[PDB]
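Enquirer: Chains C and A, in that order, give the protein sequences. Residues 13 to 128, 136 to 327, 353 to 1220 (the authors' numbering) are what the first sequence spells out, left to right. Residues 1 to 724, 727 (the authors' numbering) are what the second sequence spells out, left to right.
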Amino acid sequence: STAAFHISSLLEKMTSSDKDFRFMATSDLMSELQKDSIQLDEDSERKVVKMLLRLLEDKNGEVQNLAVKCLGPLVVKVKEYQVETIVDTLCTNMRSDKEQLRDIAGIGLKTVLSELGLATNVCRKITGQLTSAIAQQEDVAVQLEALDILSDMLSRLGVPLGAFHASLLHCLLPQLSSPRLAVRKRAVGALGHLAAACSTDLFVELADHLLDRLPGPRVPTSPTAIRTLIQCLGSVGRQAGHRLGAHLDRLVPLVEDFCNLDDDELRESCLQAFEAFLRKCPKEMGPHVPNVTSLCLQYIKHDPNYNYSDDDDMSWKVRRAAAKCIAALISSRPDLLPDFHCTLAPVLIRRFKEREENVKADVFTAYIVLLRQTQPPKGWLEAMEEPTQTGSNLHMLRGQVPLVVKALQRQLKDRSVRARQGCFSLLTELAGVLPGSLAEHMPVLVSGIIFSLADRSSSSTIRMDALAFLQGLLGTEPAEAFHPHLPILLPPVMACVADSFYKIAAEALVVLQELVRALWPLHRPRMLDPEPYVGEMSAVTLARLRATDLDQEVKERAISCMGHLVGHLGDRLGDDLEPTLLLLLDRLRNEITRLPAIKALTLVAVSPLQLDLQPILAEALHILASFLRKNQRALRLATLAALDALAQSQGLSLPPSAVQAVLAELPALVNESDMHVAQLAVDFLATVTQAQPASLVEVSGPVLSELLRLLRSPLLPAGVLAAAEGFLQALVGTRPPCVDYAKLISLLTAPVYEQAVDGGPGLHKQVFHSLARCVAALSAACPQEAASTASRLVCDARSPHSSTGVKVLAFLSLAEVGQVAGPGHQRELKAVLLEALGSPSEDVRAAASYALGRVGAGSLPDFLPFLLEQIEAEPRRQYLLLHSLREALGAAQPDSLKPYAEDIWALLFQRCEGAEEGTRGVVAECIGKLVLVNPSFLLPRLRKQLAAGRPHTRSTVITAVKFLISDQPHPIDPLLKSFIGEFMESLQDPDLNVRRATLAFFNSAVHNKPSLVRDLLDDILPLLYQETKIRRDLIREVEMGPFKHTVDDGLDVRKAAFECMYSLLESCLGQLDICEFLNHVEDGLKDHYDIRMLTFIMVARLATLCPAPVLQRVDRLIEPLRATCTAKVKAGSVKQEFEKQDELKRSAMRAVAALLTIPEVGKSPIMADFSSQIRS
Amino acid sequence: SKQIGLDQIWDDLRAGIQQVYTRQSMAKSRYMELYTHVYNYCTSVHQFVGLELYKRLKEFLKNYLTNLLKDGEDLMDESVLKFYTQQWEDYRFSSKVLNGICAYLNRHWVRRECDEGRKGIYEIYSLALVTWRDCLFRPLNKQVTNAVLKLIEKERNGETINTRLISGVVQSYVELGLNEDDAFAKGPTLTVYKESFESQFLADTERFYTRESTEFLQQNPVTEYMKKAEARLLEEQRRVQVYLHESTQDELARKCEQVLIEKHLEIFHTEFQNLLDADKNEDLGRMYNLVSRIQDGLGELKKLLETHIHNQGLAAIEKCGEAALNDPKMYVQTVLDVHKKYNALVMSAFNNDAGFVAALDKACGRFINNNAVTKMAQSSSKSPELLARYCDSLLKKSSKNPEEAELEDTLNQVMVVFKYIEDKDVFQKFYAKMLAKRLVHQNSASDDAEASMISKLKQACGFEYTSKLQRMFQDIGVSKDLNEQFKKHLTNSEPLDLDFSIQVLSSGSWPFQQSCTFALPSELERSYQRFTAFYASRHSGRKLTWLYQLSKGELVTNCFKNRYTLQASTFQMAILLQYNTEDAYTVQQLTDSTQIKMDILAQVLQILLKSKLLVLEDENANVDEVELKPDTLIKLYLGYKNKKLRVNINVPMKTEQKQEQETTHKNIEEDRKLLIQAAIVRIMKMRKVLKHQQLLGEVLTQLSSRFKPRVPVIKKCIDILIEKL
């Protein structure tokens, strides 16, 4: 009963008695009630609109803005049957002549449009009203606001007006000829906005209508007639130029002819239109690039009033337009960079002396665009390049630099701030593109910088820009070039440190730090004597650091600069060394300068000057140990780095009590929650163990326990394990009474020892790998502690009483001790290992194979002949033995295998003729890793074997060359890139195995290193598609009763080809033809189920990688998808076919939805009906 | 029906079926014949003694499967999958045909099936698959799962493998998940596939990606890690879409997003800030795309972006320094540059997200008002004022008229700045003043641009911000029409001596006030009286706006050898007209006669002396270093020689400039008083009586569209109104 009498009670309040209270009454009527505050009796709502006619012109319209901010939700709370009525009455009162009701009507109609058969009808009524206002209502005040609302409504209502657009253009066409240009300009703007979504033929009609009225039949005409047409042409250019290529060929000569006419504004319009066309239509403007270019090269110089009345000149606008056109031409078409360097770059340079300001700024911007275009590709600025096309461009720029410097020399001392800022920016860009090129002109540039550092009257912007330019120059140019100018350059910078504006102080401090880090490098002998300056440097920095009422930024910069100064010149500070250090220590305690002080202390400790940090060791160590307890990752990392550096630098000159205090905190850090902190902590423990062992007596226990608990985890990276290895190296090498090895493996095997039943919850295979690898690496770390235990373990483990874990750990530890530090002699281990290789358990067999493989490499001249003899005499167990051989050649350096390598060759292909697939594959990797011994000499033998040999031989050869691919850069890359053609030409072999192996080779090459096959793709793609087509000769429908599934043997090659096709899609998209790509997609989509799924994935990816070809082809692409979805399978089918049909239906649905995400695909009947059927 | 002997027929079809398990070598004939013989007759045979027959079939299949297991455990260790596939397809086809033919004898009897699950015939329709699960699947499941996981990890590293083996084995896994709940339920049960392969695969995936991401981030920058993660996510969705069941898909995605993205969020946050310090937009787009997947993971990004925008704007406005307080151009241009850059970034990299747009608006609405310039101006009402002055400098006549398109763009930028300033009534007041002073002196560069500006203001705020301005425009038009009509009347009567322009301004619109007393020279007396008589004959009921310090014009001097035209204000006109008789006047007499205040007269005196139109007692005395006392004598410079015929001397005064600054202070205080009283006491009356706390809270959102009231001000207004509530 809330919203029943509440509304009606307030209705009587609008009877002119509560005019002051009506404003609050409407605001109260709009409250938090917008859930179900609607009922019958629309008489109330028409009374509301009548009363909101009183929140209008009356009472001077004081409550109008608030009235409409309140009626917005009111006019959306009106319902459709009153929506039509309110739209009609808004139109009728727009017809009213009051110049006040029209504002409320327009803004209310805008609100209604924002909120929204009936909608279409009201939109048509609004459009008709607007058209009548524009055309029929021949008074300026109505046309102008009608155009305003029409433009602001097209800006967001492009699509709903598609039916009325054709008429709208008509009512906007004569408007380009009406007087009172205030309407003409907005008509041009509205027409340009309209010509953005006006179908596909309406734009053509507009273009070829506007073209007709433009020209004069070989006779001059008044510029006023054609000026508006050219302006409209430019507007439609900037808006939707990419639809005017067909008419460009006829528009361009006319625009040029009008540009030849004598009028400044006309020339402006023509040049702006040329800019729009050039930036929007690069391809269609090709045959017109030269002509327009000449025009620019003239009108950039156009200035008749100036020899080589300030309110009646506009030639500078012509020059600015010409410069902007040149910039657009340069940016649009990179292909013509060299030609510009011979025709555009010189002229532009000659215009660096432009008398104006905006013209000069645009010339500078054009040259900066040219410089950024000449930039060589990034990621390669680390070594010299061959004289390619980029080499020619860089040579042109290097020859250009002297002219740029000569032309810019005078401007650096100009009185204007803008010119100096432009010169600084341009020279910074030029230095960035060409490092080390401005050195020869240093006597000039430096002078300019000084002129901008002694400046006082102007703002601080010029000073800060000068300092930034100096910092960039220090970063780029070599240090030596600054030596002659140091006596003059150094004082002013220091004078900027003591400035009263803190930003300048911070910038000067940063520049000073860069200067001291660059002129006096750390690890090289000093070429310049630093005595004359260091005193003043130190005085200024200390004076700035000793004031505690300064800002935070200056404090941080001063701390960093003083840290760098001490670290690089600790010798020359002298009497200021002892106080300065203490200052840093103080800054180490505040909560706002913890991190800069820590970094400065780290840098001071690292420096090779061998400073005397004795006074602050105890305090710094205690403070850092206190910091270790806090739970912040960045602070912890900084503290560990500082502690490690300090310990390494100090060595044997540090107090023991502080060492114990800091060591009492470390065991809490060694945990699996974070790994980087654990690695740093272990490194610090190793360092302090090497330095001062006596402090480790009382901390060995918990540290060892936490280290073992960390090693329990299966997520140890190699760095943590190496750090632990080094820790144990030091802990045993120190020969302390606390811990001296012989406890790691024991503790690690303690749960393994209790595993008396080999049927419980064992580790995962990868968990086995990680844990056993860590344990064996620890065992093999120290060889001196384990010298006798290496032989002891074989004796105590050869007995088959221990569990499988102890056994596998024994073989892995033996392999690791033979690998890490010298091959374990163990002359009697060969027989035991051979006996145990035939273990019943597969894990023990793999461990034995790994052990043999890793022990053979270390003792190849003795065991390799024995292994080959065993292979020759006994071929029964060739699988594990071949894995061992593979591991042996993997772990043996090629330089030690060259004399005997050929012999292994004579063996490996001897076993290549077998019928076992696994042995063939293993021999393939063996050959692949044997080629790594010498690629140049061993490659031709494999090439000739592939050219002439048994298919079982060339298949293994091509598998080996496939395995020869390495993700990292490898020395065979040039040879492989040169020789890949012969290998890739193997698909003509009718044998299935060779073709499949070559397809796998291609897939691996594309996935890992696309550069190997990229240059050859054009000679690969066609023949590759030959494998895509289905071959029916291999398809044999064997007679298995009435019904049988065909056993197609050519499916694997098709699958491999499709995998290669996907890899090319993901990596080599730039060298593919989309038409044949989609044709092969269509051909394969009807193939086997796996091909169907992969093709569906390809279609899903192409729906985002090429919307236009997919949109074109979808009209026929849907039919296979529709047939796939609508196929009906009998309920008598067993679960495989049900699951397969469900999966294919879901995949096809996903593909259909991915296609539907494209808006254009959504505007066709076939998939709309398909979606309707799916919903139904 | 017949009851033929059991053993003979049993051995017959046993031999037939053990031949059929082998690959077909004969033709279709006996395949029809034997199975038709079974179907037509042995329905009763396969029903009751069919229990014994099916037990014998089960033990035969048991020995067959044991033989297969014994022959399929020789070496393997990877070749397990090829054997398992080939055998699975072969046995699947054999069991499918056998179950299609032989089970028809006992099936279709759902009535018997319901009772106790049809005795021992329960779920024996797929007893071939049951035997596959028990006899052979159980011993080899661990080996095949380990081989599959090894192959997947091998493919993850970069190598290429034959996915058909994995696809076949996972299809086999999901196939044996028979739906025992209902034999006619449309939908598979994935119990065995989930319990034997899915959990292990998911755990392996999470472990591998944890290790790989940690190792990568330990020795690489964040950008490369984001690049790698973006590819890895789609790679691991493609794997499932290709050779894995669909039920895993969604779950797998979650796990990846919980390892590659979420667990590193902290690092990402820090990196985000660093990116904002270098303006690497593509990396920001990548980071936004990555973090979009994590639910409620974008909030910290919004907070960081807002804080960064605020700090950047504050620093950029502070860097200008002291020159901002007197140069509107640099202040507004700095604001516009910051806003344009960060709006472009938000629109391009962050895909125009609503939350990021709100963050930009909140950041920009907090450094327009409270920044360094207003802080050193001691009042937050300096941000609007300067803006207004900027608009003035965009519309006064200048040497270089800006481009029309450039002018429209600049006005639109001024609007997008004005959208943020809290105090808008100050802007309206200052704009009205500047517009009036421009209209009176006719300094408008173009009427079209000025009307467009008024239209923009009307759309922005409403009809109140433009009613007064439209009134001013109509008044100036009416004055022009009246001047033309009086010119017509003059042409129809005695003409005037000199051509002067007069404008009649209604007192109820223009902000001008009369604050000085003047004495009319005899030259303008006849025009004055004639115009007063004419206007009295024309209009009545209002008061004439007669002001003289705003009246300027041109004068011609006959006291120089070369005829020069001097354009000057009315005070300078009176000063020069007083010299028509005597060229030497004392300052005290000039003050007594011309009724000009000492400061204004003194300033006019320095302006005249600097122009060299007049001389002091000592012609060589420096004007700046000589004070003008009331007894100072000024003489006419009769021998004035100059290159330019037209001379302007009516220049605004520096002392008048500081007086105008004082008038701006008075304008600000007038705004304060009018605002407070005549805009809060009225609304307090409107709201009537309430609890006095939520009333205070809610009155702030009824006047908020044009200022923000302060709580002590509203309390003072309530205290004042407590006399009448």
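Think of the CB as a built atom: it goes at the ideal place given N, C-alpha and C, for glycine as much as any other residue.
Put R442(C) into one of helix, strand or coil per three-state DSSP.
Expert: Of the three classes helix, strand and coil, the one that applies to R442(C) here is helix, per DSSP.
Enquirer: By the DSSP assignment, the alpha helix (DSSP H) with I575(A) in it spans what residues?
Expert: Unbroken alpha helix (DSSP H) run through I575(A): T570 to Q578.
Enquirer: Using 8 Å as the cut-off, can you tell me whether the stretch 336-344 of chain A makes contact with the stretch 312-326 of chain A, which would need three or more C-beta pairs spanning the two stretches below that distance?
Expert: Contact between the stretch 336-344 of chain A and the stretch 312-326 of chain A is present, because at least three Cβ pairs lie under 8 Å.
Enquirer: Using 10 angstroms around the beta-carbon of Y327(C), count the other beta-carbons present and answer buried if the total reaches 16, otherwise exposed.
Expert: It is exposed - the Cβ of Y327(C) has fewer than 16 other Cβ atoms within 10 Å.
Enquirer: Under 7 Å Cβ-Cβ, which residues of chain A neighbour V1178(C)?
Expert: Per Cβ cutoff of 7 Å: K96.
Enquirer: Which term fits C315(C), buried or exposed, when burial requires 16 or more other beta carbons within 10 angstroms of its beta carbon?
Expert: Buried.
Enquirer: Label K610(A) either buried or exposed according to how many other C-beta atoms from any shown protein chain fall within 10 Å of its C-beta, with 16 as the threshold for buried.
Expert: Exposed: under 16 other Cβ atoms inside 10 Å.
Enquirer: At 4 residues or longer, and completely inside the stretch 191-245 of chain A: list those alpha helix (DSSP H) runs for me, N to C.
Expert: Whole alpha helix (DSSP H) segments, 4+ residues: 199-218 and 222-243.
Enquirer: Distance, Cα to Cα, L613(C) vs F526(C)?
Expert: Taking the straight line joining both Cα atoms gives about 19 Å.
Enquirer: I want to see whether chain E comes within less than 8 Å of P188(A), judged by CB atoms only; does it?
Expert: No chain E is present in this structure, whose protein chains are C and A.
Enquirer: Give the DSSP-derived three-state secondary structure of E554(A) in the structure shown.
Expert: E554(A): strand per DSSP, three-state reduction.
Enquirer: Can you tell me whether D277(A) is buried or exposed, with buried defined as 16 or more other CB within 10 angstroms of its CB?
Expert: With fewer than 16 other Cβ atoms within 10 Å, it is exposed.
Enquirer: For the stretch 1195-1214 of chain C and the stretch 1151-1163 of chain C, state whether three or more C-beta atom pairs, one from each stretch, are separated by less than 8 Å.
Expert: In short, these stretches touch, since the Cβ pair count reaches three.
Enquirer: Can you tell me which of the three DSSP states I634(A) falls into?
Expert: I634(A): strand per DSSP, three-state reduction.
Enquirer: Does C516(A) pass the burial test, meaning 16 or more other C-beta atoms within 10 Å, or should it be called exposed?
Expert: Flag for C516(A) reads exposed.
Enquirer: Please return the same chain residues whose Cβ sits closer than 6 Å to the Cβ of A1147(C), not counting the five positions on each side in sequence.
Expert: So the list reads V1154, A1198 and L1199, once near-sequence residues are dropped.
Enquirer: Would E246(A) count as contacting chain C if we go by Cβ distances under 8 Å?
Expert: Yes, its Cβ sits closer than 8 Å to a Cβ of chain C.
Enquirer: Going by DSSP in three states, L614(A) sits in which element: helix, strand or coil?
Expert: Reduced to three states, the DSSP call for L614(A) is strand.
Enquirer: Cβ closer than 9 Å: which chain A residues qualify as neighbours of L759(C)?
Expert: Within 9 Å Cβ-Cβ: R207, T210, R211 and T214.
Enquirer: Report the residues of the stretch 1085-1105 of chain C with a CB closer than 9 Å to any CB of chain A, ordered along the chain.
Expert: Answer in chain order: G1085, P1086, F1087, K1088, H1089, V1091, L1095, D1096, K1099, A1100 and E1103.
Enquirer: So with Cβ pairs under 8 Å, would you call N146(A) a contact of chain C?
Expert: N146(A) counts as touching chain C.
Enquirer: Quick check on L489(C): buried or exposed, where buried means 16 or more other Cβ atoms within 10 Å of its Cβ?
Expert: With 16 or more other Cβ atoms within 10 Å, it is buried.
Enquirer: Could you check if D1092(C) belongs to the surroundings of the ligand FAD, using beta carbon to heavy atom distance under 7 Å?
Expert: Absent from the structure shown: the ligand FAD. Ligands present: none.
Enquirer: Which residue's Cα is closest to the Cα of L128(C): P1034(C), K89(C) and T101(C)?
Expert: Answer by Cα proximity: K89(C).
Enquirer: Measure the CB-CB distance between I971(C) and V1001(C) and report whether it falls below 8 Å.
Expert: The answer is yes: Cβ separation under 8 Å.
Enquirer: Can you grab the Cα-Cα spacing for the pair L1122(C) / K302(A), in whole Å?
Expert: In a straight line, the C-alpha of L1122(C) is about 42 Å away from that of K302(A).
Enquirer: Nearest to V776(C) by CA position, among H813(C), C826(C) and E521(C), is which residue?
Expert: For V776(C), the nearest C-alpha among the options comes from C826(C).
Enquirer: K1099(C) and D1077(C): beta carbons closer than 8 Å?
Expert: Contact: no.
Enquirer: Is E78(A) close to chain C? Criterion is C-beta to C-beta, closer than 8 Å.
Expert: For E78(A), the answer is yes, since a Cβ of chain C falls inside 8 Å of its Cβ.
Enquirer: Quick one: which chain A residues come within Cβ less than 9 Å of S1048(C)?
Expert: Residues of chain A passing the Cβ test: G158, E159 and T160.
Enquirer: In or out: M598(A) buried (at least 16 other Cβ within 10 Å) or exposed?
Expert: When all chains shown are included, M598(A) counts as exposed.
Enquirer: Please report the Cβ distance between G168(A) and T85(A), rounded to the nearest whole angstrom; I am assuming they are in contact, meaning their Cβ atoms lie under 8 Å.
Expert: With 8 Å as the limit, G168(A) and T85(A) qualify as a contact, their Cβ atoms being about 4 Å apart.
Enquirer: Cβ of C391(A) less than 8 Å from any chain C Cβ?
Expert: No, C391(A) lies away from the interface with chain C (no Cβ there is under 8 Å from its Cβ).
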